[PDB]
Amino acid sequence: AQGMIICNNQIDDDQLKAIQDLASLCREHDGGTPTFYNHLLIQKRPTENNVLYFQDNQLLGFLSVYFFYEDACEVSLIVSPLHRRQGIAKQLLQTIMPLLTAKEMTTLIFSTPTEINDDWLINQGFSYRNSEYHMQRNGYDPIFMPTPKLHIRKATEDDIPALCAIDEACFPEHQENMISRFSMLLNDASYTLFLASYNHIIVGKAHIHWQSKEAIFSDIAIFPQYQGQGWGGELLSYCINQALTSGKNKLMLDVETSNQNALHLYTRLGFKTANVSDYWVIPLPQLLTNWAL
């Protein structure tokens, strides 16, 4: 008999592959997994945010907290489907709550696989917020496009006013960091900000972040006034074919949404939903009375 609880501030390489093996076992049974931020896990973070639960040399539970907002934190938590309703989740949370009360936390955000937990979550005071589709296009075949009607080019530092017009109309979350954020993106060769123009009028954009064997798509936008014309599909088509020409076949795209109709164009250019996570909110004091402290 042996139980062991490790609480640290950085996931080492072998711990990471134990965590990924446990997560894959949960994907086997749950149809999906919570959202993990691997770059944050393997980073030396200021506090002890990771909790690993072992039983006879076996990783059975894992929790990590991410401090994104001010009074809110995101929690990714998994327990071996073969060892559930044994209190492993309350043990992991008991471990982390001293850190949470010290940071003055008031609200917890849990990422969860869809459907399977809906009824007991809502019956315990959790509130659904949104969902996230982690998409991948893995085919080697390019997109065969009709007559191109857009001119598409890499944005230089001289397209900032157009980039800021696009952001103002589509990405209000960057309002007051926008010029300085663009100045760094445009002077980083691992980022390509594609500008789409129809008859010399700029109609939208899309970002590609190049990695050594992947390409990460983000910040796709067509102005609402221009969204009927087929330009969103042409722009994204062009970016896909650019990544394939560049020798990257793992194309990533993450979409936060509460309705699946925001997936129509992407799935139709060959992206598929590799994982879906739901995000539920609960007041911290309510969680520690429904779960014994």
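One rule holds for the numbers: they count along the sequence shown, beginning at 1.
Comparing 47 to 55 with 262 to 270, which has the greater mean CA B-factor as deposited?
-> Taking the mean B-factor of the alpha carbons in each, 47 to 55 is higher.
Mean C-alpha temperature factor, higher of 150 to 158 and 90 to 98 = Between 150 to 158 and 90 to 98, it is 90 to 98.
Out of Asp71, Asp219, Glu168, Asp141, highest CA B-factor residue = Answer for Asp71, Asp219, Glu168, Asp141: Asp71, with the highest C-alpha B-factor.
Highest recorded Cα temperature factor - choice among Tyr37, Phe62, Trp231, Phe67 = Each of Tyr37, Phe62, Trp231, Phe67 was compared by C-alpha B-factor; the highest is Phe67.
Ordered by C-alpha B-factor within the chain, which third holds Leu195? Give me lowest, middle or highest, please.
-> Lowest third, going by the recorded CA B-factors of the chain.
For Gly125, does the deposited CA B-factor place it in the lowest, middle or highest third of the chain?
-> Highest third of the chain for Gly125's C-alpha B-factor.
Where does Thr106 sit by CA temperature factor within its chain: lowest, middle or highest third?
-> Its C-alpha B-factor belongs to the highest third of this chain's values.
Would you check the entry's CA temperature factor for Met178 and let me know if it's in the chain's lowest, middle or highest third?
-> As the PDB entry reports it, the C-alpha B-factor of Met178 lands in the highest third of its chain.
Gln242's Cα B-factor: lowest, middle or highest third of the chain?
-> As the PDB entry reports it, the C-alpha B-factor of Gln242 lands in the lowest third of its chain.
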